[PDB]
Structures are given as structure tokens and as C-alpha cells.
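To start, the structure itself, in C-alpha cells.
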Amino acid sequence: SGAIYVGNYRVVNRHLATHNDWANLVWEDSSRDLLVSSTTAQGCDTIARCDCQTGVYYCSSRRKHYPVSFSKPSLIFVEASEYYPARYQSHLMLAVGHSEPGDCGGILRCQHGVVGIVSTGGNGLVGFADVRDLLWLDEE
Ligand SMILES: COc1ncccc1NC(=O)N1CC[C@H](C(N)=O)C1
Ligand SMILES: [Zn+2]
């Protein structure tokens with residue numbers, strides 16, 4: 001589990017969105033595994049607007065942050081899970097790192113800010129849904 005809190009937005013994995021998220025919906029995209037809902041309180045996270053390919057992510061199944069090198073956002077085939085059939089997910093970045101299903105939502109960040117959230121993994125890989133192209137998260 002986990003979210004990004006930027007401005008009056010809450011960014012979560014679409015497959016983990018709550019009823020309150022759906023009832024306060026701003027934007028969602030199944031192909032990216034992302035959903036954004038509106039918040040009453042202002043958040044403290046800032047979004048990175050950069051080209052970093054190295055950063056650090058939070059792994060809840062280890063209670064630890066790990067440094068990683070990750071690929072550029074791309075269209076990657078993701079195995080079936082209880083939430084989606086086997087399919088291509090867009091804007092996904094892969095790295096070598098530990099992950100388990102419940103690790104979705106952990107933040108990946110660089111020196112510029114938040115880059116994305118854990119969205120996929122297995123067998124010593126971890127994948128992150130990029131948010132750096134979503135420029136509208138910085139306004140409203
Ligand atoms: C961190 O994810 C994992 N970690 C280990 C094995 C398997 C996984 N993957 C998952 O549980 N899913 C749930 C939905 C998600 C997606 N399609 O974006 C992939
Ligand atoms: Zn950066």
C-alpha cells in the first residue's frame with residue numbers, strides 16, 4: 001500500500017483505490033495502473049521533473065529504502081495477478097530489487113522529488129509506474 005500526496009491530490013495504484021478515491025476521482029488510467037483522487041488537506045510530496053535513471057524506493061516487505069537503477073518508462077508485459085489479466089502496462093520502469101504484491105504504492109524518488117510508485121515485480125525485479133510526465137499534478 002502507499003500513496004503520493006502532492007498539492008490537493010492523492011496518487012495511488014488504480015488496483016488499490018478505495019471507494020472514497022472513486023467518489024472523489026480526478027483521473028484514472030488502467031493501462032498505467034494509476035488513479036488520482038482529490039484531498040481536503042494539502043500534501044508535502046513534490047514531483048520530480050527530470051531524467052534521472054537512479055533513485056531510491058521504499059520496500060514495505062523489508063521496512064527498508066533501497067537504491068536502484070531503473071529503465072526509462074516503457075510498454076512492458078506484466079504477468080496476470082488477482083487485479084489484472086496478463087497484459088502490457090505503459091509508462092513502467094523496471095529495476096532489480098525485492099518486491100512482493102503488497103509492496104505496491106511504495107515511493108521511488110530521486111534528488112528532484114517523487115518519480116513514481118511501486119506497481120509490479122517478482123523474482124528479484126521491481127517495476128514502478130512513472131508520474132513525471134503528469135505535469136498537471138503541480139497545479140490547481
Ligand atoms: C509488486 O508486485 C508484485 N510483486 C511480486 C509478485 C507479483 C507482483 N505483482 C502484483 O501483485 N501485481 C498486482 C497488480 C500489479 C499491476 N498489474 O500493475 C501487479
Ligand atoms: Zn531526478
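By convention in this document, the chains of the C-alpha cells carry letters A, B, ... by their order, each chain's residues are numbered from 1, and ligands are numbered from 1 in the order they are shown.
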
Task: All residues having an atom within 7 Å of ligand 2 (only C-alpha atoms and all ligand atoms) as an MDAnalysis selection string - done: chainID A and resid 48:52 110:113

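Those protein and nucleic acid residues that have any atom within 7 Å of ligand 1 are, using only C-alpha atoms and all ligand atoms, residues 15, 33, 78, 81, 82, 83, 84, 99, 100, 101, 102, 103, 104, 118, 119, 120, 121, 122 and 126 of chain A.
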
Atoms to include: C-alpha atoms. Write the selected residues as a CSV table (one decimal), in the first residue's frame.
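Writing the result to part-v5.csv gives the following:
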chain,number,residue,atom,x,y,z
A,15,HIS,CA,-6.0,-1.6,-8.3
A,33,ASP,CA,-2.2,1.2,-13.1
A,78,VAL,CA,3.1,-7.8,-16.9
A,81,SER,CA,-2.4,-11.2,-11.0
A,82,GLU,CA,-5.7,-11.1,-8.9
A,83,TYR,CA,-6.1,-7.5,-10.2
A,84,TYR,CA,-5.4,-7.7,-14.0
A,99,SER,CA,9.2,-6.8,-4.2
A,100,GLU,CA,6.1,-8.7,-3.0
A,101,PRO,CA,2.4,-7.9,-4.1
A,102,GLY,CA,1.7,-5.7,-1.1
A,103,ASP,CA,4.7,-3.5,-1.8
A,104,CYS,CA,2.6,-1.6,-4.4
A,118,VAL,CA,5.8,0.5,-7.0
A,119,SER,CA,3.3,-1.2,-9.3
A,120,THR,CA,4.8,-4.6,-10.4
A,121,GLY,CA,7.5,-7.1,-9.5
A,122,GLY,CA,8.6,-10.7,-8.8
A,126,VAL,CA,10.5,-4.3,-9.1

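Taking CA of residue 72 (chain A) and CA of residue 18 (chain A) as the two end points, the separation is 29.2 Å.
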
Task: For residue 114 (chain A): contacts at 8 Å, only C-alpha atoms, fewer than 5 positions along chain excluded, given as a PyMOL selection string - done: chain A and resi 4+45-48+107-109

Open item on the list: For a quick check of understanding, using only C-alpha atoms, which of A:105, A:129, A:31, A:11 has the smallest distance to residue 92 (chain A)?
Closed with: A:129

Need to verify the contact set: residue 139 (chain A), 12 Å, only C-alpha atoms, exclusion of same-chain residues closer than 4 positions in sequence. Can you return it as a PDB file with C-alpha atoms, in the first residue's frame?
ATOM      1  CA  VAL A   6       1.075  16.402  -3.794  1.00  0.00           C
ATOM      2  CA  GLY A   7      -0.987  19.583  -3.541  1.00  0.00           C
ATOM      3  CA  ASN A   8      -4.663  18.550  -3.227  1.00  0.00           C
ATOM      4  CA  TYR A   9      -4.079  15.199  -4.989  1.00  0.00           C
ATOM      5  CA  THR A  46       6.852  17.194  -4.699  1.00  0.00           C
ATOM      6  CA  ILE A  47       7.080  15.539  -8.140  1.00  0.00           C
ATOM      7  CA  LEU A 134       1.798  14.223 -15.337  1.00  0.00           C
ATOM      8  CA  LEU A 135       2.514  17.948 -15.272  1.00  0.00           C
TER       9      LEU A 135
END

TODO: Please report, as a PyMOL selection string, each residue of chain A to which DSSP assigns alpha helix (DSSP H) when run on this structure's backbone.
DONE: chain A and resi 19-23

Convert the current residue selection to file output with C-alpha atoms, as a PDB file, in the first residue's frame.
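Output file out-v9.pdb follows:
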ATOM      1  CA  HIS A  19     -14.471   3.844  -2.602  1.00  0.00           C
ATOM      2  CA  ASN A  20     -13.554   7.320  -1.334  1.00  0.00           C
ATOM      3  CA  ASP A  21     -10.948   7.605  -4.116  1.00  0.00           C
ATOM      4  CA  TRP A  22     -13.564   6.656  -6.789  1.00  0.00           C
ATOM      5  CA  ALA A  23     -16.121   9.065  -5.284  1.00  0.00           C
TER       6      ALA A  23
END

TODO: Between A:79, A:140, A:133, A:28, single out the one closest to residue 12 (chain A), counting only C-alpha atoms.
DONE: A:28

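Picture a line from CA of residue 17 (chain A) to CA of residue 43 (chain A); it runs 17.8 Å.
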
Task: Of the listed residues A:128, A:30, A:117, A:55, that which approaches residue 5 (chain A) most closely, counting only C-alpha atoms - done: A:117

So that I can check the secondary structure, give me every residue of region 7-119 of chain A assigned strand (DSSP E or B) by backbone DSSP, as an mmCIF file with N, CA, C and O atoms, in the first residue's frame.
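Written output follows (part.cif):
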data_model
loop_
_atom_site.group_PDB
_atom_site.id
_atom_site.type_symbol
_atom_site.label_atom_id
_atom_site.label_comp_id
_atom_site.auth_asym_id
_atom_site.auth_seq_id
_atom_site.Cartn_x
_atom_site.Cartn_y
_atom_site.Cartn_z
ATOM 1 N N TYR A 9 -3.942 16.470 -4.285
ATOM 2 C CA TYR A 9 -4.079 15.199 -4.989
ATOM 3 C C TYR A 9 -3.508 14.067 -4.169
ATOM 4 O O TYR A 9 -2.479 14.233 -3.471
ATOM 5 N N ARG A 10 -4.123 12.889 -4.319
ATOM 6 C CA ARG A 10 -3.649 11.625 -3.758
ATOM 7 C C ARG A 10 -3.467 10.680 -4.963
ATOM 8 O O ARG A 10 -4.455 10.426 -5.696
ATOM 9 N N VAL A 11 -2.229 10.230 -5.193
ATOM 10 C CA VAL A 11 -1.927 9.323 -6.311
ATOM 11 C C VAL A 11 -1.727 7.918 -5.748
ATOM 12 O O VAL A 11 -0.817 7.722 -4.878
ATOM 13 N N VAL A 12 -2.510 6.954 -6.247
ATOM 14 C CA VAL A 12 -2.442 5.568 -5.763
ATOM 15 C C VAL A 12 -2.414 4.629 -6.924
ATOM 16 O O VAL A 12 -2.697 4.971 -8.093
ATOM 17 N N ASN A 13 -2.057 3.358 -6.641
ATOM 18 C CA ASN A 13 -2.217 2.307 -7.663
ATOM 19 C C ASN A 13 -3.719 2.190 -7.938
ATOM 20 O O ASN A 13 -4.520 2.094 -6.992
ATOM 21 N N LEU A 25 -12.881 11.270 -7.679
ATOM 22 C CA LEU A 25 -11.945 10.975 -8.752
ATOM 23 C C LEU A 25 -11.508 12.163 -9.552
ATOM 24 O O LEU A 25 -12.369 12.970 -9.966
ATOM 25 N N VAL A 26 -10.198 12.284 -9.842
ATOM 26 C CA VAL A 26 -9.672 13.313 -10.746
ATOM 27 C C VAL A 26 -9.334 12.666 -12.096
ATOM 28 O O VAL A 26 -9.679 13.195 -13.166
ATOM 29 N N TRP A 27 -8.626 11.523 -12.086
ATOM 30 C CA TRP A 27 -8.132 10.885 -13.312
ATOM 31 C C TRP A 27 -7.753 9.460 -13.031
ATOM 32 O O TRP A 27 -7.279 9.172 -11.911
ATOM 33 N N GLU A 28 -7.975 8.557 -13.970
ATOM 34 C CA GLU A 28 -7.529 7.174 -13.798
ATOM 35 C C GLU A 28 -7.152 6.576 -15.128
ATOM 36 O O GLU A 28 -7.751 6.925 -16.163
ATOM 37 N N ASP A 29 -6.195 5.642 -15.128
ATOM 38 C CA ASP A 29 -5.750 5.005 -16.362
ATOM 39 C C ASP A 29 -5.324 3.579 -16.058
ATOM 40 O O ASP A 29 -4.278 3.341 -15.422
ATOM 41 N N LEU A 34 -2.710 3.607 -12.613
ATOM 42 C CA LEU A 34 -2.721 4.811 -11.763
ATOM 43 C C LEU A 34 -4.140 5.358 -11.573
ATOM 44 O O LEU A 34 -4.983 5.300 -12.513
ATOM 45 N N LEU A 35 -4.366 5.939 -10.406
ATOM 46 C CA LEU A 35 -5.593 6.689 -10.119
ATOM 47 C C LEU A 35 -5.226 7.846 -9.239
ATOM 48 O O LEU A 35 -4.402 7.723 -8.302
ATOM 49 N N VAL A 36 -5.872 9.003 -9.494
ATOM 50 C CA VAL A 36 -5.660 10.214 -8.695
ATOM 51 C C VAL A 36 -7.009 10.706 -8.180
ATOM 52 O O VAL A 36 -7.966 10.826 -8.977
ATOM 53 N N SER A 37 -7.091 10.939 -6.894
ATOM 54 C CA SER A 37 -8.296 11.495 -6.263
ATOM 55 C C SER A 37 -7.967 12.839 -5.601
ATOM 56 O O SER A 37 -6.784 13.213 -5.406
ATOM 57 N N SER A 38 -9.009 13.614 -5.262
ATOM 58 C CA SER A 38 -8.815 14.920 -4.653
ATOM 59 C C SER A 38 -8.787 14.799 -3.119
ATOM 60 O O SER A 38 -9.456 13.919 -2.534
ATOM 61 N N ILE A 47 6.797 16.445 -7.026
ATOM 62 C CA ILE A 47 7.080 15.539 -8.140
ATOM 63 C C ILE A 47 8.361 15.949 -8.831
ATOM 64 O O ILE A 47 8.590 17.132 -9.176
ATOM 65 N N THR A 54 18.416 6.741 -11.729
ATOM 66 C CA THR A 54 18.838 6.165 -10.475
ATOM 67 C C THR A 54 18.042 6.872 -9.361
ATOM 68 O O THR A 54 17.702 8.054 -9.500
ATOM 69 N N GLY A 55 17.720 6.148 -8.324
ATOM 70 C CA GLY A 55 16.954 6.737 -7.221
ATOM 71 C C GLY A 55 16.873 5.748 -6.091
ATOM 72 O O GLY A 55 17.674 4.826 -6.005
ATOM 73 N N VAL A 56 15.876 5.925 -5.211
ATOM 74 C CA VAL A 56 15.691 5.093 -4.038
ATOM 75 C C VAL A 56 14.212 4.771 -3.899
ATOM 76 O O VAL A 56 13.388 5.674 -4.084
ATOM 77 N N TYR A 57 13.874 3.514 -3.584
ATOM 78 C CA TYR A 57 12.459 3.186 -3.363
ATOM 79 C C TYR A 57 12.226 2.588 -2.000
ATOM 80 O O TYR A 57 13.115 1.945 -1.423
ATOM 81 N N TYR A 58 10.983 2.707 -1.507
ATOM 82 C CA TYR A 58 10.570 2.071 -0.251
ATOM 83 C C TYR A 58 9.931 0.704 -0.475
ATOM 84 O O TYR A 58 8.963 0.589 -1.239
ATOM 85 N N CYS A 59 10.462 -0.264 0.240
ATOM 86 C CA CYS A 59 10.043 -1.669 0.160
ATOM 87 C C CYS A 59 9.381 -2.064 1.506
ATOM 88 O O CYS A 59 10.104 -2.346 2.493
ATOM 89 N N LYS A 64 12.518 -1.114 4.416
ATOM 90 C CA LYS A 64 13.786 -0.524 4.032
ATOM 91 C C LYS A 64 13.657 0.232 2.735
ATOM 92 O O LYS A 64 12.832 -0.115 1.860
ATOM 93 N N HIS A 65 14.486 1.265 2.590
ATOM 94 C CA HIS A 65 14.647 2.007 1.338
ATOM 95 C C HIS A 65 15.876 1.459 0.628
ATOM 96 O O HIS A 65 16.928 1.269 1.280
ATOM 97 N N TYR A 66 15.798 1.199 -0.670
ATOM 98 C CA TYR A 66 16.929 0.646 -1.427
ATOM 99 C C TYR A 66 17.286 1.542 -2.610
ATOM 100 O O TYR A 66 16.385 1.979 -3.340
ATOM 101 N N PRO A 67 18.585 1.773 -2.843
ATOM 102 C CA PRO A 67 18.988 2.466 -4.082
ATOM 103 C C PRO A 67 18.822 1.561 -5.304
ATOM 104 O O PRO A 67 19.080 0.331 -5.208
ATOM 105 N N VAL A 68 18.377 2.095 -6.402
ATOM 106 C CA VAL A 68 18.160 1.307 -7.631
ATOM 107 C C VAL A 68 18.509 2.111 -8.859
ATOM 108 O O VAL A 68 18.351 3.314 -8.918
ATOM 109 N N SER A 69 18.888 1.353 -9.915
ATOM 110 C CA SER A 69 18.967 1.895 -11.266
ATOM 111 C C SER A 69 17.741 1.331 -11.998
ATOM 112 O O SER A 69 17.425 0.133 -11.882
ATOM 113 N N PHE A 70 17.031 2.170 -12.744
ATOM 114 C CA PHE A 70 15.775 1.739 -13.362
ATOM 115 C C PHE A 70 15.705 2.141 -14.814
ATOM 116 O O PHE A 70 16.378 3.097 -15.246
ATOM 117 N N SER A 74 8.367 2.657 -20.230
ATOM 118 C CA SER A 74 8.165 1.872 -21.447
ATOM 119 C C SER A 74 6.899 1.017 -21.318
ATOM 120 O O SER A 74 6.296 0.905 -20.250
ATOM 121 N N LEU A 75 6.575 0.322 -22.421
ATOM 122 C CA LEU A 75 5.451 -0.601 -22.508
ATOM 123 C C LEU A 75 6.000 -1.993 -22.254
ATOM 124 O O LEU A 75 6.763 -2.543 -23.092
ATOM 125 N N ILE A 76 5.658 -2.570 -21.112
ATOM 126 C CA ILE A 76 6.173 -3.849 -20.604
ATOM 127 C C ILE A 76 5.052 -4.854 -20.375
ATOM 128 O O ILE A 76 3.978 -4.494 -19.819
ATOM 129 N N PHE A 77 5.300 -6.128 -20.705
ATOM 130 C CA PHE A 77 4.280 -7.161 -20.491
ATOM 131 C C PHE A 77 4.339 -7.575 -19.026
ATOM 132 O O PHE A 77 5.400 -7.871 -18.481
ATOM 133 N N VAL A 78 3.191 -7.506 -18.340
ATOM 134 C CA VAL A 78 3.085 -7.809 -16.910
ATOM 135 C C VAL A 78 2.222 -9.081 -16.734
ATOM 136 O O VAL A 78 1.121 -9.152 -17.284
ATOM 137 N N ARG A 87 -0.977 -8.622 -19.482
ATOM 138 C CA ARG A 87 -1.224 -7.507 -20.394
ATOM 139 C C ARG A 87 -0.001 -6.647 -20.503
ATOM 140 O O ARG A 87 0.928 -6.787 -19.707
ATOM 141 N N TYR A 88 -0.054 -5.651 -21.401
ATOM 142 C CA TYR A 88 1.010 -4.663 -21.476
ATOM 143 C C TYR A 88 0.606 -3.465 -20.614
ATOM 144 O O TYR A 88 -0.492 -2.937 -20.751
ATOM 145 N N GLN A 89 1.545 -3.013 -19.744
ATOM 146 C CA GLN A 89 1.370 -1.816 -18.915
ATOM 147 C C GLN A 89 2.283 -0.748 -19.488
ATOM 148 O O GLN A 89 3.476 -1.025 -19.746
ATOM 149 N N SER A 90 1.787 0.478 -19.655
ATOM 150 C CA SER A 90 2.580 1.567 -20.186
ATOM 151 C C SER A 90 3.207 2.407 -19.058
ATOM 152 O O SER A 90 2.761 2.341 -17.898
ATOM 153 N N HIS A 91 4.219 3.195 -19.438
ATOM 154 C CA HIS A 91 4.910 4.148 -18.568
ATOM 155 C C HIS A 91 5.489 3.411 -17.335
ATOM 156 O O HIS A 91 5.557 4.013 -16.230
ATOM 157 N N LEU A 92 5.966 2.196 -17.546
ATOM 158 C CA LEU A 92 6.506 1.359 -16.471
ATOM 159 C C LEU A 92 8.020 1.328 -16.566
ATOM 160 O O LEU A 92 8.578 1.234 -17.678
ATOM 161 N N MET A 93 8.690 1.383 -15.403
ATOM 162 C CA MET A 93 10.173 1.380 -15.311
ATOM 163 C C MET A 93 10.578 0.175 -14.486
ATOM 164 O O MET A 93 10.053 -0.016 -13.382
ATOM 165 N N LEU A 94 11.530 -0.637 -14.937
ATOM 166 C CA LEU A 94 11.950 -1.823 -14.194
ATOM 167 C C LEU A 94 13.311 -1.658 -13.555
ATOM 168 O O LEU A 94 14.206 -0.989 -14.113
ATOM 169 N N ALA A 95 13.508 -2.332 -12.419
ATOM 170 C CA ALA A 95 14.793 -2.333 -11.712
ATOM 171 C C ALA A 95 14.944 -3.701 -11.058
ATOM 172 O O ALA A 95 13.989 -4.467 -10.876
ATOM 173 N N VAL A 96 16.189 -3.979 -10.630
ATOM 174 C CA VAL A 96 16.479 -5.143 -9.839
ATOM 175 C C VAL A 96 16.325 -4.703 -8.357
ATOM 176 O O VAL A 96 16.971 -3.766 -7.870
ATOM 177 N N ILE A 107 7.042 4.632 -2.560
ATOM 178 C CA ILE A 107 7.576 5.697 -3.420
ATOM 179 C C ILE A 107 8.953 5.374 -3.949
ATOM 180 O O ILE A 107 9.837 4.951 -3.191
ATOM 181 N N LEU A 108 9.177 5.718 -5.234
ATOM 182 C CA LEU A 108 10.510 5.816 -5.857
ATOM 183 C C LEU A 108 10.796 7.314 -5.970
ATOM 184 O O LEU A 108 9.940 8.076 -6.465
ATOM 185 N N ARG A 109 11.965 7.756 -5.517
ATOM 186 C CA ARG A 109 12.340 9.182 -5.558
ATOM 187 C C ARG A 109 13.778 9.325 -5.997
ATOM 188 O O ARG A 109 14.617 8.419 -5.877
ATOM 189 N N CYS A 110 14.078 10.548 -6.472
ATOM 190 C CA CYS A 110 15.451 10.975 -6.787
ATOM 191 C C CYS A 110 15.688 12.320 -6.004
ATOM 192 O O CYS A 110 14.890 12.756 -5.229
ATOM 193 N N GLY A 113 12.732 14.870 -6.394
ATOM 194 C CA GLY A 113 11.423 14.617 -5.841
ATOM 195 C C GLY A 113 10.936 13.200 -6.169
ATOM 196 O O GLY A 113 11.721 12.300 -6.485
ATOM 197 N N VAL A 114 9.630 13.031 -6.091
ATOM 198 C CA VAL A 114 8.988 11.723 -6.328
ATOM 199 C C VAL A 114 8.939 11.407 -7.823
ATOM 200 O O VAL A 114 8.470 12.248 -8.625
ATOM 201 N N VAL A 115 9.386 10.222 -8.186
ATOM 202 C CA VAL A 115 9.438 9.766 -9.566
ATOM 203 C C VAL A 115 8.238 8.896 -9.909
ATOM 204 O O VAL A 115 7.715 8.935 -11.040
ATOM 205 N N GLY A 116 7.807 8.041 -8.962
ATOM 206 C CA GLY A 116 6.686 7.126 -9.237
ATOM 207 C C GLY A 116 6.430 6.243 -8.039
ATOM 208 O O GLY A 116 6.940 6.525 -6.935
ATOM 209 N N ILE A 117 5.597 5.198 -8.240
ATOM 210 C CA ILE A 117 5.246 4.277 -7.141
ATOM 211 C C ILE A 117 5.430 2.845 -7.588
ATOM 212 O O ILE A 117 5.233 2.530 -8.785
ATOM 213 N N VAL A 118 5.734 1.940 -6.661
ATOM 214 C CA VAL A 118 5.821 0.510 -6.989
ATOM 215 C C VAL A 118 4.471 0.040 -7.566
ATOM 216 O O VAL A 118 3.397 0.358 -7.007
ATOM 217 N N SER A 119 4.528 -0.693 -8.668
ATOM 218 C CA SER A 119 3.321 -1.196 -9.347
ATOM 219 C C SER A 119 3.463 -2.667 -9.764
ATOM 220 O O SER A 119 2.418 -3.320 -9.882
#

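With only C-alpha atoms as the basis for measurement, A:3 is the residue among A:41, A:137, A:3, A:86 that approaches residue 16 (chain A) most closely.
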
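Reported to one decimal place, the separation of CA of residue 106 (chain A) from CA of residue 44 (chain A) is 15.6 Å.
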